[PDB]
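Okay, structure first, notes after.
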Number of protein chains: 2
Amino acid sequence: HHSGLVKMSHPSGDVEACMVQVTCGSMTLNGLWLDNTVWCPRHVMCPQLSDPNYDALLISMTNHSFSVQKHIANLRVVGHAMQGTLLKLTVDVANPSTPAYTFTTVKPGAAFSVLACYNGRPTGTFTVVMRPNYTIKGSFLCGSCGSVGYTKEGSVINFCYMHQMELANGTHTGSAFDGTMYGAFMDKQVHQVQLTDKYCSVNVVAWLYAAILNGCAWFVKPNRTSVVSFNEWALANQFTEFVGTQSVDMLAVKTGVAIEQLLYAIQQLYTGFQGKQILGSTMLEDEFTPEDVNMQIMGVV
Amino acid sequence: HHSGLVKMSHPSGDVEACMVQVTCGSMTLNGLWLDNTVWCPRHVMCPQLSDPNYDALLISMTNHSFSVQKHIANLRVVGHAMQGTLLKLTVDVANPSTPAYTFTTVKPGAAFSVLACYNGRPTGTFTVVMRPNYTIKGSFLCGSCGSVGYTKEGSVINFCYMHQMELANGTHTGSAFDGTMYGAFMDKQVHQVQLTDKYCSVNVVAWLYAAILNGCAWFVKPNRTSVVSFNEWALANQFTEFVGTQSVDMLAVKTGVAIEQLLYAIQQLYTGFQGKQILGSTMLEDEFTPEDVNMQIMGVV
């Protein structure tokens, strides 16, 4: 039985109309063009990208150091500034396709859509969850820096991610549009310690509820673990602590299974499934959120 | 270690600009508006959708039976015709956002992108493989009929799917734009036998090669099975017969592992992984194609 659950991304139209190519000397990557501002990673200023002095690089630059092309036009740069790990270029024309938008920060376990681009040309879209160590399991190649991740509320786009790097274990990180990197990472071509990932408990619970909404419920016993008792279990077992939400509450209402019944389940399943399947998997799945389950299986925003 | 592989869809921009809402009396669904033609499922003509007479319904209709709204305008219908399970409405204005496009038929194991829509409003994009029983494991709700699936070559969009139904096991099917349904299915609200699914061998091979390109290769032995010998194995074991492609050939070249080495591997792994993992899974994965692996891990179109 198929669960109705797929990795689903927002439609990328509105964001595609905001992507440009930024070139500063030898280096070329993607930017995001909203109003009269173009955002892009600052290492576009760098030739030898290990321990570089972006402050010195920045001052070395004038407005004519930066070339910005729209492929999906040429924008004249009339300003330049650095904010954390991003450049903030000002251009003479405002993007007439600028969406209604905000900037935001995504939190571990939250999902968002990524528009992957090369040379300012949109090439693919996918959706990820911010992991607990502030990486994502994306699909990025050389030239992908500057691709953006975003959520959408109504017609408003919430930009949350500008892509910056691949870590040794093949995951990816980038920055928020305040210029801070997610996690403790730095935008230099240096060795960095990746933190440990954890299962996202709220999302494993969402998934068990998705199984239930598909008729799969052998793992539900009457037993129960309190959130508090579970959260002390979690800290010893590479699970995040669990924090409930109204979205998880809707699922408990629709199915009549209590959060605490599944917290207990997680505790048992972690040790072993015992040769059984859950939604065609034999390991806990934490890549779907309570909102994904509410929307895709029940129609609920 | 993360493999760099995600379920990746084309950017949906060009197609979003082609989606409209079609309403005929009580029933509302999505259409695809290219040039002066709007395509939509024919059961929009139906009130009691079991054993309906579309031929009689069709004749019962005039041009003023059909209302077509663009939300992402109102199009006057000046023609109407039925082709298999689709209506072909002619409208007075041609879509000025019409992409370069073709129609095509997708084959089992091939991947494509779906733009899911409600009331003519794009709401999500995802990517699927056409299964061997001509269903897809999608994410569709009431009102989703008329959403479209498509591939993309260069700037040309290859429309291959217009969504029609959910089968009892939770999978989905629809038609090609010649109006034929995929598989033996019919667009009536009646019981239908679903055929058996099979593992897609070419795609399990692509996946084992993706593991190899990520350093994971414990399952590679020197042993070998011929395609022919494997294809006779497959017919007894719910695998598709394997047909190689140049894309699978590139992977064999880049890694120096022979197709036949992995065909043998599949044969052993099918019985059991023996408590080992492959790319973080413990079952064979057939949802990624040789082209997905070539593009996402190596940059190769």
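Order determines the names: the first chain of the structure tokens is A, the second B, and so forth; residues in each chain are numbered 1 upward, and ligands are numbered 1 upward as they are shown.
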
If the cut-off is 9 Å, can you tell me the residues of chain B near chain A, counting only C-alpha atoms? I'd like them as a compact mmCIF listing (two decimals) with N, CA and C atoms, in the first residue's frame.
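Dumped everything to result_3.txt:
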# COMPACT_ATOMS: atom_id res chain seq x y z
N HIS B 1 27.48 8.50 5.32
CA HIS B 1 27.85 9.30 4.11
C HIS B 1 26.62 9.50 3.25
N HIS B 2 26.37 10.75 2.87
CA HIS B 2 25.25 11.10 2.01
C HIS B 2 25.65 11.02 0.54
N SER B 3 24.73 10.51 -0.28
CA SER B 3 25.07 10.12 -1.65
C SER B 3 24.94 11.24 -2.67
N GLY B 4 24.41 12.39 -2.31
CA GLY B 4 24.22 13.41 -3.31
C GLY B 4 22.97 13.23 -4.12
N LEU B 5 22.20 12.17 -3.86
CA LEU B 5 21.01 11.82 -4.63
C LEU B 5 19.72 12.22 -3.92
N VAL B 6 18.92 13.04 -4.58
CA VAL B 6 17.62 13.46 -4.08
C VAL B 6 16.60 13.32 -5.20
N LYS B 7 15.35 13.20 -4.81
CA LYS B 7 14.27 13.25 -5.78
C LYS B 7 14.17 14.68 -6.27
N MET B 8 14.59 14.89 -7.50
CA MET B 8 14.76 16.22 -8.08
C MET B 8 13.78 16.38 -9.22
N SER B 9 13.07 17.50 -9.26
CA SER B 9 12.14 17.82 -10.33
C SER B 9 12.65 18.97 -11.16
N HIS B 10 12.17 19.04 -12.38
CA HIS B 10 12.45 20.21 -13.18
C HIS B 10 11.86 21.43 -12.49
N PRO B 11 12.38 22.61 -12.78
CA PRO B 11 11.70 23.82 -12.36
C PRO B 11 10.35 23.91 -13.07
N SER B 12 9.31 24.31 -12.33
CA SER B 12 7.95 24.19 -12.81
C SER B 12 7.45 25.45 -13.47
N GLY B 13 8.28 26.49 -13.56
CA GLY B 13 7.86 27.79 -14.06
C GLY B 13 7.09 27.76 -15.35
N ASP B 14 7.71 27.17 -16.37
CA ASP B 14 7.17 27.21 -17.73
C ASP B 14 5.80 26.56 -17.81
N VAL B 15 5.58 25.53 -17.00
CA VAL B 15 4.34 24.77 -16.99
C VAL B 15 3.27 25.48 -16.16
N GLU B 16 3.64 26.01 -15.00
CA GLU B 16 2.74 26.86 -14.21
C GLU B 16 2.01 27.86 -15.08
N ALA B 17 2.72 28.52 -15.99
CA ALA B 17 2.09 29.50 -16.89
C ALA B 17 1.10 28.88 -17.90
N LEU B 115 3.48 18.52 -11.81
CA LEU B 115 3.02 19.75 -11.21
C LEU B 115 1.59 19.52 -10.70
N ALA B 116 1.45 19.40 -9.39
CA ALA B 116 0.15 19.13 -8.79
C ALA B 116 -0.59 20.43 -8.58
N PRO B 122 -1.36 25.99 -9.29
CA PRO B 122 -0.20 25.17 -8.91
C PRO B 122 0.08 25.18 -7.42
N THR B 123 0.29 23.99 -6.87
CA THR B 123 0.48 23.86 -5.43
C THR B 123 1.71 23.05 -5.01
N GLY B 124 2.24 22.19 -5.85
CA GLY B 124 3.40 21.43 -5.45
C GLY B 124 4.03 20.73 -6.62
N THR B 125 5.34 20.45 -6.57
CA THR B 125 5.95 19.63 -7.60
C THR B 125 6.74 18.49 -6.98
N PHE B 126 6.73 17.36 -7.68
CA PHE B 126 7.42 16.16 -7.25
C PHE B 126 7.78 15.33 -8.47
N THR B 127 8.58 14.28 -8.26
CA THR B 127 9.04 13.47 -9.38
C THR B 127 8.86 12.01 -9.05
N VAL B 128 8.46 11.26 -10.09
CA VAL B 128 8.08 9.87 -9.97
C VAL B 128 8.71 9.11 -11.13
N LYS B 137 3.53 6.37 -7.86
CA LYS B 137 3.44 6.59 -6.42
C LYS B 137 3.49 8.08 -6.16
N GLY B 138 2.37 8.74 -6.42
CA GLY B 138 2.28 10.16 -6.35
C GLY B 138 1.60 10.62 -5.07
N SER B 139 1.13 11.86 -5.10
CA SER B 139 0.51 12.53 -3.95
C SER B 139 -0.54 13.43 -4.55
N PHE B 140 -1.76 12.89 -4.64
CA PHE B 140 -2.87 13.53 -5.32
C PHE B 140 -4.10 13.44 -4.43
N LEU B 141 -4.86 14.54 -4.36
CA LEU B 141 -6.13 14.58 -3.64
C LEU B 141 -7.32 14.91 -4.56
N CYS B 142 -8.53 14.86 -3.99
CA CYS B 142 -9.69 15.29 -4.73
C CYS B 142 -9.44 16.67 -5.30
N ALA B 168 -6.97 1.52 -5.62
CA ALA B 168 -7.22 1.12 -4.24
C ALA B 168 -5.94 1.06 -3.42
N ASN B 169 -4.81 0.69 -4.04
CA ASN B 169 -3.59 0.55 -3.26
C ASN B 169 -2.89 1.88 -3.05
N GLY B 170 -3.55 3.00 -3.39
CA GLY B 170 -3.03 4.32 -3.11
C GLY B 170 -2.14 4.91 -4.18
N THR B 171 -1.82 4.14 -5.23
CA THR B 171 -1.10 4.68 -6.37
C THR B 171 -2.07 5.36 -7.33
N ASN B 214 30.06 6.66 -4.36
CA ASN B 214 30.14 7.25 -3.02
C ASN B 214 31.04 6.46 -2.08
N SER B 281 20.10 2.48 3.06
CA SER B 281 18.91 1.66 2.89
C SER B 281 19.32 0.22 3.12
N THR B 282 18.32 -0.60 3.41
CA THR B 282 18.55 -2.02 3.60
C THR B 282 17.69 -2.84 2.64
N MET B 283 17.12 -2.18 1.64
CA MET B 283 16.41 -2.83 0.56
C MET B 283 16.84 -2.17 -0.74
N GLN B 296 23.22 14.06 -11.34
CA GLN B 296 23.31 14.62 -10.00
C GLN B 296 24.64 14.35 -9.33
N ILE B 297 25.25 13.19 -9.61
CA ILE B 297 26.55 12.90 -9.02
C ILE B 297 27.70 13.31 -9.95
N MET B 298 27.53 13.28 -11.28
CA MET B 298 28.67 13.58 -12.15
C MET B 298 28.56 14.80 -13.05
N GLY B 299 27.44 15.49 -13.10
CA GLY B 299 27.30 16.61 -14.01
C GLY B 299 26.95 16.27 -15.44

Task: Shell around residue 204 of chain B at 10 Å using only C-alpha atoms, local window under 6 positions removed, as a VMD selection string - done: chain B and resid 210 239 242 262 to 263 266 284 to 290

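In this model, the gap between atom CA of residue 258 of chain B and atom CA of residue 234 of chain B comes to 18.3 Å.
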
Open item on the list: Just the number, please: distance in Å from atom CA of residue 88 of chain B to atom CA of residue 38 of chain B, one decimal.
Closed with: 5.8 Å

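Here the question is which of A:32, A:106, A:94, A:40 gets nearest to residue 80 of chain A using only C-alpha atoms, and that residue is A:40.
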
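Reported to one decimal place, the separation of atom CA of residue 144 of chain A from atom CA of residue 107 of chain A is 22.5 Å.
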
- [ ] Would you mind listing what lies within 10 Å of residue 180 of chain B as a ChimeraX atom specification, with only C-alpha atoms counted and same-chain residues fewer than 4 positions away left out?
- [x] /B:83-86,105,174-176,184-186

Open item on the list: I need the residues in segment 14-260 of chain A that are strand (DSSP E) according to DSSP; give them as an MDAnalysis selection string.
Closed with: chainID A and resid 19:24 27:34 37:41 67:69 74:75 77:83 86:91 101:103 111:118 121:129 148:153 156:166 172:175

Quick one: write out the picked residues with C-alpha atoms as a compact mmCIF listing (two decimals), in the first residue's frame?
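Output below, filename out_19.txt:
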# COMPACT_ATOMS: atom_id res chain seq x y z
CA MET A 19 17.80 34.20 -10.19
CA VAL A 20 20.80 35.89 -11.81
CA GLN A 21 24.44 35.10 -12.50
CA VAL A 22 27.16 37.00 -10.58
CA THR A 23 30.74 37.02 -11.82
CA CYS A 24 33.67 38.74 -10.08
CA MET A 27 34.58 33.12 -10.06
CA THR A 28 30.97 32.77 -11.18
CA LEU A 29 27.94 31.76 -9.13
CA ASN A 30 24.24 32.49 -8.56
CA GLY A 31 22.53 35.45 -6.99
CA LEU A 32 19.04 36.35 -5.85
CA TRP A 33 17.63 39.55 -7.30
CA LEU A 34 14.87 41.23 -5.31
CA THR A 37 19.36 44.25 -4.37
CA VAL A 38 21.31 41.18 -5.55
CA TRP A 39 22.39 38.75 -2.82
CA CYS A 40 25.17 36.24 -3.40
CA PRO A 41 27.85 34.36 -1.46
CA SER A 67 28.98 41.62 -13.29
CA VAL A 68 25.33 40.49 -12.98
CA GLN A 69 23.44 38.88 -15.87
CA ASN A 74 22.61 42.98 -17.63
CA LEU A 75 22.25 44.80 -14.32
CA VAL A 77 25.97 47.51 -10.03
CA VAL A 78 25.68 50.81 -8.17
CA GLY A 79 26.43 49.53 -4.68
CA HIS A 80 28.20 46.81 -2.81
CA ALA A 81 28.30 45.76 0.81
CA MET A 82 29.06 42.63 2.83
CA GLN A 83 26.79 41.11 5.51
CA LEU A 86 26.83 37.34 1.80
CA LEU A 87 27.33 40.23 -0.54
CA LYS A 88 24.53 42.70 -0.92
CA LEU A 89 24.89 44.30 -4.36
CA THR A 90 22.70 47.24 -5.32
CA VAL A 91 21.74 47.46 -8.99
CA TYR A 101 8.72 38.05 0.30
CA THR A 102 10.30 37.83 3.71
CA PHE A 103 13.53 36.45 5.07
CA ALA A 111 11.30 21.42 5.55
CA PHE A 112 12.01 23.75 2.70
CA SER A 113 12.28 23.88 -1.06
CA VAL A 114 15.56 24.45 -2.89
CA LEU A 115 15.93 25.80 -6.40
CA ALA A 116 19.27 24.49 -7.66
CA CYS A 117 20.92 26.70 -10.29
CA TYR A 118 24.12 26.83 -12.40
CA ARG A 121 20.05 29.13 -14.85
CA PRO A 122 17.48 27.19 -12.78
CA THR A 123 18.03 23.48 -13.25
CA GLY A 124 16.20 21.49 -10.59
CA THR A 125 14.03 21.70 -7.48
CA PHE A 126 13.97 19.46 -4.41
CA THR A 127 12.97 19.60 -0.76
CA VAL A 128 14.97 18.96 2.38
CA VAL A 129 14.71 19.08 6.15
CA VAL A 148 18.29 29.43 -2.65
CA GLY A 149 15.95 27.61 -0.34
CA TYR A 150 12.61 29.04 0.68
CA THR A 151 9.24 28.29 2.21
CA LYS A 152 5.93 29.77 1.08
CA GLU A 153 2.99 31.13 3.08
CA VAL A 156 4.62 35.23 0.26
CA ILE A 157 8.00 33.62 -0.26
CA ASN A 158 10.13 33.14 2.88
CA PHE A 159 13.75 32.95 1.78
CA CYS A 160 15.74 30.95 4.31
CA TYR A 161 18.90 29.57 2.68
CA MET A 162 21.66 30.51 0.28
CA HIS A 163 23.90 27.62 -0.61
CA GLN A 164 27.65 27.75 0.30
CA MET A 165 29.33 24.41 0.79
CA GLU A 166 29.66 20.65 0.76
CA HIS A 172 25.58 20.69 2.47
CA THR A 173 25.22 23.95 4.30
CA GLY A 174 24.75 27.59 3.54
CA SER A 175 23.65 30.77 5.21

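DSSP, applied to the backbone of this structure, assigns helix (DSSP H, G or I) to the following residues of segment 52-176 of chain A: residues 54, 55, 56, 57, 58, 59, 60, 63, 64 and 65 of chain A.
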
Restricted to N, CA and C atoms, what would the selected residues look like written as a compact mmCIF listing (two decimals), in the first residue's frame?
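Generated output (again.txt):
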# COMPACT_ATOMS: atom_id res chain seq x y z
N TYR A 54 38.11 38.42 3.65
CA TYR A 54 37.00 39.01 2.93
C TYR A 54 36.91 40.50 3.15
N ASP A 55 37.30 40.95 4.34
CA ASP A 55 37.33 42.39 4.61
C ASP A 55 38.29 43.10 3.65
N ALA A 56 39.49 42.57 3.49
CA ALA A 56 40.42 43.16 2.53
C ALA A 56 39.90 43.00 1.09
N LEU A 57 39.46 41.79 0.74
CA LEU A 57 38.83 41.58 -0.56
C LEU A 57 37.72 42.61 -0.80
N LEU A 58 36.84 42.79 0.16
CA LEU A 58 35.72 43.70 -0.05
C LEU A 58 36.21 45.08 -0.48
N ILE A 59 37.16 45.63 0.28
CA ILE A 59 37.65 46.98 0.03
C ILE A 59 38.37 47.03 -1.31
N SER A 60 39.09 45.98 -1.64
CA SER A 60 39.72 45.89 -2.96
C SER A 60 38.74 46.04 -4.10
N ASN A 63 32.39 49.00 -7.61
CA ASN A 63 31.15 48.57 -8.25
C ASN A 63 31.40 47.87 -9.58
N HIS A 64 32.46 48.24 -10.29
CA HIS A 64 32.77 47.64 -11.59
C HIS A 64 33.50 46.32 -11.48
N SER A 65 33.81 45.87 -10.26
CA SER A 65 34.30 44.51 -10.08
C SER A 65 33.22 43.45 -10.29

Task: Spatial neighbours of segment 252-256 of chain A, 8 Å, only C-alpha atoms, chain gap at least 2 places, as a count of residues only - done: 8

Task: Shortest interatomic distance to residue 18 of chain B - which of B:246, B:196, B:97, B:189, counting only C-alpha atoms - done: B:97
